[PDB]
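Residues per chain, in single letters:
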There are 2 protein chains.
Amino acid sequence: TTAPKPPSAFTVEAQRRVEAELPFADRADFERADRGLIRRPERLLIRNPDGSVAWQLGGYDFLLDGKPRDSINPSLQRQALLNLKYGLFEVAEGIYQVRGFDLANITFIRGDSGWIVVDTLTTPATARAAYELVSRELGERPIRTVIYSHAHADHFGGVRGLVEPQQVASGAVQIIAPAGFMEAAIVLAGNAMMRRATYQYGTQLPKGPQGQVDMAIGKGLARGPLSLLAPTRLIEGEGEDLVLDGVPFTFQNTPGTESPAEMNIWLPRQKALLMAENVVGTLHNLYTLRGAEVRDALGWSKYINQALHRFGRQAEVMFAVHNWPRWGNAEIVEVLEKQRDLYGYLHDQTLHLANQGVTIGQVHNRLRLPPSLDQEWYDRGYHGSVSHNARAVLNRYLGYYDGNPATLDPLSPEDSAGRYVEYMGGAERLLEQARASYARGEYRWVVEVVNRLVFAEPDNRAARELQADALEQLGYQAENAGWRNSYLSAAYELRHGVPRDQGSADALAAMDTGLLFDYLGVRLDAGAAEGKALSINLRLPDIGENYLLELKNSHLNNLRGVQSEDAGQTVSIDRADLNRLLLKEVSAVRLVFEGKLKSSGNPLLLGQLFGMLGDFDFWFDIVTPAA
Amino acid sequence: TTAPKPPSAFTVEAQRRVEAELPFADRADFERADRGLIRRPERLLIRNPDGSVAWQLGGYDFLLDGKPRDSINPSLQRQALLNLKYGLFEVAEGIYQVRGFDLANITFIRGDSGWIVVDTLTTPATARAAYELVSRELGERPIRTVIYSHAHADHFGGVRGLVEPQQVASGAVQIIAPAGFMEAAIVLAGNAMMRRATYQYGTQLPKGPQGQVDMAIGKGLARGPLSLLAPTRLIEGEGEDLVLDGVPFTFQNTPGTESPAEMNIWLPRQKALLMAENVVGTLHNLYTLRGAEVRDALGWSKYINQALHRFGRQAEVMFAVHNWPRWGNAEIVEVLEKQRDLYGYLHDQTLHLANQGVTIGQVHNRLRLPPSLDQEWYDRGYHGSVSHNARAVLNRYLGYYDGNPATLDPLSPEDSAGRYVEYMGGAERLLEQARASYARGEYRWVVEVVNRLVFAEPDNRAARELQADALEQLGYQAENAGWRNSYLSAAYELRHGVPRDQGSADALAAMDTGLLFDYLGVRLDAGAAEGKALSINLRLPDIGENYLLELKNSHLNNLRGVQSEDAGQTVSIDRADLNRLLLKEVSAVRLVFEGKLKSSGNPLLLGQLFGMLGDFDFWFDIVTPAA
Ligand SMILES: [Zn+2]
Ligand SMILES: [Zn+2]
Ligand SMILES: [Zn+2]
Ligand SMILES: [Zn+2]
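Rules used throughout
Residues numbered from 1 in each chain as written, not as in the entry; some residues may be left out. Chains lettered and ligands numbered in written order. Heavy atoms only, no water. UniProt positions renumbered as here; feature names shortened; annotations may be inferred. Helix = DSSP H or I, 4+ residues; strand = E, 2+ residues; numbered from the N terminus. Contact = heavy atoms within 4.5 Å. Pairing = 2+ DSSP bridges. Axes fitted to C-alpha atoms, helices over the stretch in contact; angles between N-to-C directions. Parallel < 35°, antiparallel > 145°, perpendicular 65-115°, else oblique. Left-handed = near helix turned anticlockwise from the far one by under 90°. Domains from an automatic or database assignment. Buried area = accessible area lost by both parts, 1.4 Å probe. Salt bridge = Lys/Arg side-chain N within 4 Å of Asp/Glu carboxyl O. Polar contact = N/O pair within 3.5 Å; in protein donor to acceptor, adjacent residues only side chain to side chain. Nonpolar A, V, L, I, M, F, W, Y, C, P; charged D, E, K, R; others polar. Donors = N, O, S within 2.8 Å, 3.2 Å for Na, K, Ca; no water. Tetrahedral: all angles 85-135°; square planar, octahedral: opposite > 155°, others 65-115°. Buried < 20%, exposed > 50% of the residue type's maximum accessible area, 1.4 Å probe, protein only.

- By the method listed in its record, X-ray crystallography, this PDB entry was determined to a resolution of 2.60 Å.

- The name given to chain A in the PDB entry is SDSA1, and the organism recorded there is Pseudomonas aeruginosa.
- The title given to this PDB entry is "Crystal structure of SdsA1, an alkylsulfatase from Pseudomonas aeruginosa".
- Turning to chain A, the UniProt annotation filed under Sequence similarities states: "Belongs to the metallo-beta-lactamase superfamily. Type III sulfatase family."

Next up, the structure:
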């Protein structure tokens, strides 16, 4: 059988262990997530221009009844309910939030003549909707400044929902971001990341006690087009002290990079500290399970300390681009201290264990936070985990190899799986020992060993089913939402198979030209390219940039600011029309005829180059070897 | 039995496959490594001031006979012999090298009045010795400029062998390095890296056909004190065009970082291109098996291209800080192109496979260089490998997790080993199936499966022995020197056990104060620290720096440029005397009495803090669970 099973007796007992271990009697978050509430609309349903649904909370109803569900980790269930505390809130005099309209919060500060808005949610429809709500409850006011607190999609994504390019062009609206917003806003492993994110986000799970229940830092991500408007003022260096529509701001940039992607925001009139996504109601990821390059817990920790000493030591309220605010100085001082020490202790004690020989394969089973960090709800691994962050720190410093040459040159799991199964007595004997292991609760073992069988025999229904039951129990047990969603997506794929059926113009525009040709380079099919040599001068006059493109040895190179007399073709074309070409909104032919793609030399090269570009299927296999 | 065994029939056949696959008929490297030779001393033996031996080539004699040794990969044996081509060489008019006096080369350029020297080998004795040799053959000339081509120990390490601080202080000698030399010259996972490097360097193997035979980019590393003198001029930005002792230089920095750690060197009078350790007679590491953060193959590839277009297209000779030069423009153009396309194709095709779902656990078994890159000796994985570099690229972009939740929360190998062994019929039945696997040549399997048994039963002599035989055959087969040394060190540890018996003042001086207290932070024992809270203002007046040290929640913080009125102790002390304190050259007591460690507030804190600092045992276990 293949539907979700009930929590086992062991999982029930794991959930019990969690309530013994954690301070459920500390209920103050509930008193915080409700404070200053001005309006919670009855039912929230947000629609896109094309009529798809962007966001909706009704599927989380099962949680409103309050009652325990042993197929959800109880700590995760606590975070799940809190995240349901959506609507328009006051944070302090002239400071409002709409929370729970998307993954992130949006922040409206009262200027003398209009709004200063921090962040824009994920997609225009949810922004427009946050704004509609502000305007019914507080009075319609124009937006004079949008501020992007950092270079992520769930912060700049719904900007077109709030303002139009004409408003930016006239100077009616300024967009403010940290220097290096545009370098970081934008890929080269994008298909892999995205596929893997279907697990972390649980894009195929039902909302329900046996599927998606939360995303730690929000309920989930909104579904809609992606928008982006270039900022007009950058905050440089360490930061800058500005005044906007009469209101004083201090921006504190991620230190001491030339290219900050993020900044804290201090408002001295309200003594209000807006922490950027460096402090949230959860340990954050140093490594997102969907894959990216490991973050810097050491720098993270030092940046929080810098905030603590600059603003923390006078703050009356601290609030965030995810989750809910905290009020009062002592409370703010302690949280800052703890968030600081949590990233620091993750970092320093991983490396303490690593220096004593503990490996990337062992550290998550050795490292434990000390009580003062372990016992705060905003320290729980809902989003990042101690387990995968400790591995990530170690991986940043020593890489993926554990130093035992038994693992230096390892066979692919699907080429060793047959032999593991043979050495184990065959499929049936392996299944039989595994059932006994399951019946003892040994899920972290069972998923390891039966996975050897799924890779050996991917069409073995009984292996798949058992593997799924075990992964599912792990997911009911997970504190971590990405972990839970992963566990249940894998079970879902193993029981059913993967979908046999199945780009933002703003994001392509934001992409640097070098990076674009770097991506085209990743698309290059090496088979088709073997033995080919071509080179082409590319001139993009709308943006005043020249590249040299050289295909040799099955590698596509691109070199900014260079031209060669030896090129086989010289192609001139605005970046703007190159973007339309790449997005299939226009054809090469159409663009020559219009006199917008001029050429000289061999007119065929560019096309030959484009024709060697392969594409990727999205729904690759994860839990089985490739089909 | 426990001594090295003979190559198996399979290993013999693997070595044969290598000679069928590779262009041994391309012998030109031999004609290159000998060109311009002025002197090769008869026997090379270099001694340290304390009388230890720093360097010596006599142990490599077995290779001089030329004849095949099937316990060495034949391609590796080729690189091994070439690296034995040591001594004083002319590269071009007024350009000399001493090669094979240490891991790296040292370069002497003829100035009007003296030498300009590029790089200083690993330790003073080998520098002094390189210089002695130059001075006998070419005339003794003073050194006016030392240049560090990049921020590694085997480039700045033997500087005190060439010049003294008084010479730098008077202005008699300038030291030139890329901006950001001092940020990169210097740790936090140093014990782990070092222990692991005993495998990669083979520090316990005999020199011999069944032990160490080479280190790819040199014969090996010299044993001696580590020296470092701060540069006096930095090359900023993209680079700078200088003239030194009459001779024109162009420095090209690693682009477009503010903090270059490396630079190419072009000499227009000789049309001579000195490539920094970005181009060598080998694919280099993006990831060194001893562990560090993954390098940037994309940037690497673009930097070589920039060199190609700036200097490559007029170069007559290209030479290097490792291995031997290449002469003539066409040859130089092609190599540059290929080295460029090799890092590019590693990078772009890893990510092509990753976008199609291939994982970090599979990519090394899928990626193959195309013939035009595969068939050049300077493209062989002697140092880096295609196998571990492809994994490293993927790890940079997606991290260590393969996306299958069967591997998200894995049991430590020593906690799953019992069960793998139980499911496999017990120790004896597992050994018996493994012997049959061995007898078929299936070494990459055997080391995987028998390792499960060594972790289950580390005192099981037969498991250990079999595991060692298999790892040893893998090592005889390895093209890659770090891989070979690892394989044979693991065999060595499994047969014998690990050593039951068992800091540079210049390097500590070079360490930034923040980074030093970051390291003390890693030394902190979390047990001893639990529940403790102390804070201390540190003032270092020789260098004009103030730190705030705050111990809380079992984490030590340090904050540059800040003081607090609330500190429990204020300690003032020159960085210079703090260094002596840390190196046990002086005591705290001695330094108060001398009036060099002043205090106020609670005089005990600093000592209490130092007393919570643990230390690491060097010889931790790798191939067995901890003792
Ligand atoms: Zn973010
Ligand atoms: Zn966010
Ligand atoms: Zn180096
Ligand atoms: Zn080097």
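Focus on the UniProt feature "binding site: sulfate" in chain A
So, step 1. Residues annotated by UniProt as "binding site: sulfate" correspond here to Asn285, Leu286, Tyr287, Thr288, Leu289, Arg290, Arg295 and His383 of chain A. The named residues occupy 99 residues along the chain; their greatest pairwise C-alpha distance, 14.2 Å, places them in one compact cluster.
So, step 2. Relative to the helices and strands, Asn285 of chain A is located in the loop between β14 (272-275) and α10 (297-310).
So, step 3. Those residues in contact with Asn285 of chain A, other than ones at most four positions away along the chain, are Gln200, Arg295, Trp300, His383, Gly384, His388 and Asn389 of chain A.
So, step 4. Along the chain, the position of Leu289 of chain A falls in the loop between β14 and α10.
So, step 5. Discounting residues that sit within four places of it in the chain, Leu289 of chain A has contacts with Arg196, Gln200, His388, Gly482, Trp483 and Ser486 of chain A together with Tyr401 and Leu408 of chain B.

Focus on the sheet that holds strand β19 (residues 555-560) of chain B
So, step 1. In spatial order, the strands read β19-β18-β17-β20-β21 (chain B); together these five strands make up an open sheet with mixed pairing. Two strands bound the open sheet, and with one partner strand each, they are β19 and β21 (597-601) of chain B. Direction aside, neighbouring strands of the sheet carry axes that sit 20 degrees apart on average.
So, step 2. Sheet topology places strand β18 (residues 545-552) of chain B next to β19 of chain B; six bridges connect them, and they run antiparallel. When the bridges of β19 of chain B are listed, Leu549 of chain B appears paired with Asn558 of chain B.
So, step 3. Each of β18 and β19 of chain B is contacted by α10 of chain A, which is oriented at about 65 degrees to β19 of chain B, the strand it contacts most.
So, step 4. Strands in contact with helix α11 (residues 329-355) of chain A are β18 and β19 of chain B; relative to β19 of chain B, the strand with the most contacts, it is inclined by about 110 degrees.

Thoughts on the sheet that holds strand β7 (residues 115-118) of chain A
All names here are of chain A.
So, step 1. Taken in spatial order, the eight strands line up as β1-β4-β5-β6-β7-β8-β9-β10 in an open sheet, and their pairing is mixed. If you trace the sheet from one side to the other, it starts and ends with β1 (37-39) and β10 (233-235), each paired once. Here the average twist between neighbouring strands, direction ignored, is 25 degrees.
So, step 2. Looking at chain direction, β1 and strand β4 (residues 87-92) are connected through two bridges and run antiparallel. Bridging across to β4, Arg39 finds its partner in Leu88.
So, step 3. Against the sheet, helix α5 (residues 124-138) engages β1, β4, β5 (95-99), β6 (106-110), β7 and β8 (143-147), with an angle of about 65 degrees to β4.

A look at the packing of helix α15 (residues 427-439) of chain B against helix α17 (residues 461-477) of chain B
Residue and element names in this part refer to chain B.
So, step 1. In contact at an axis separation of 11 Å, α15 and α17 are set at 20 degrees when each is read in the N-to-C sense. In terms of orientation, α15 lies roughly parallel with respect to α17. You can see that α15 and α17 cross each other, and the crossing is left-handed. Here α15 contributes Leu431, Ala434, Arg435 and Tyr438 to the contact with α17, which in turn contributes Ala462, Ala463, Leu466, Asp469, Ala470 and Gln473.

Quick notes on the domain arrangement of chain A
All names here are of chain A.
So, step 1. Once the domains are mapped, chain A shows domain 1 (1-357), domain 2 (358-498) and domain 3 (499-627).
So, step 2. Centre-to-centre, using C-alpha coordinates, domain 1 lies 36 Å away from domain 3.
So, step 3. Each side of the interface is counted separately: domain 1 has 15 residues, and domain 3 has 18 residues.
So, step 4. Both sides of the domain 1 and domain 3 interface together cover about 1,600 Å² of buried area, and 70% of this is carbon and sulfur.
So, step 5. By the criterion of area lost to domain 3, the three top residues of domain 1 are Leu188, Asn191 and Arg195, representing 39% of everything that side buries.
So, step 6. Taking the shortest distance from any N to any O, the salt bridge between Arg160 and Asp506 comes out at 2.9 Å.
So, step 7. One can count five residue pairs in polar contact joining domain 1 with domain 3.
So, step 8. With six residues, helix α9 (residues 190-200) is the single largest residue contributor to the side of domain 1 that touches domain 3.

Topic: the interface of chain B and chain A
So, step 1. Listed per partner, the contact involves 121 residues of chain B and 121 residues of chain A.
So, step 2. Summing the contributions of chain B and of chain A, the shared interface buries around 10,400 Å²; its carbon and sulfur component is 53%.
So, step 3. Looking at the side of chain B facing chain A, the largest losses of area belong to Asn355, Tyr400 and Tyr423 of chain B, adding up to 9% of the total buried there.
So, step 4. Linking chain B with chain A are 14 salt bridges, by the criterion used here.
So, step 5. With a closest N to O distance of 3.1 Å, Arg444 of chain A and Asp409 of chain B form a salt bridge.
So, step 6. Joining chain B to chain A, the criterion identifies 69 residue pairs in polar contact.
So, step 7. In terms of residues, the side of chain B that touches chain A owes the most to one element, helix α11 (residues 329-355) of chain B, which gives 13 residues.
So, step 8. Looking at the side of chain B that touches chain A, its residues break down into 50 nonpolar, 41 polar and 30 charged.

Re the coordination of the zinc ion (ligand 2)
All names here are of chain A.
So, step 1. The protein atoms donating to the zinc ion (ligand 2) are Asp154 (OD), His155 (NE2), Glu277 (OE) and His322 (NE2), with metal-donor distances spanning 2.0 to 2.4 Å.
So, step 2. Every donor counted, the four donor atoms about the zinc ion (ligand 2) form angles of 84 to 169 degrees at the centre, which fits irregular coordination.
So, step 3. If you look at the zinc ion (ligand 2) and the zinc ion (ligand 1), they sit 3.3 Å from each other and are both ligated by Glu277.
So, step 4. Assessed through its relative accessible area of 10%, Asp154 is described here as buried.

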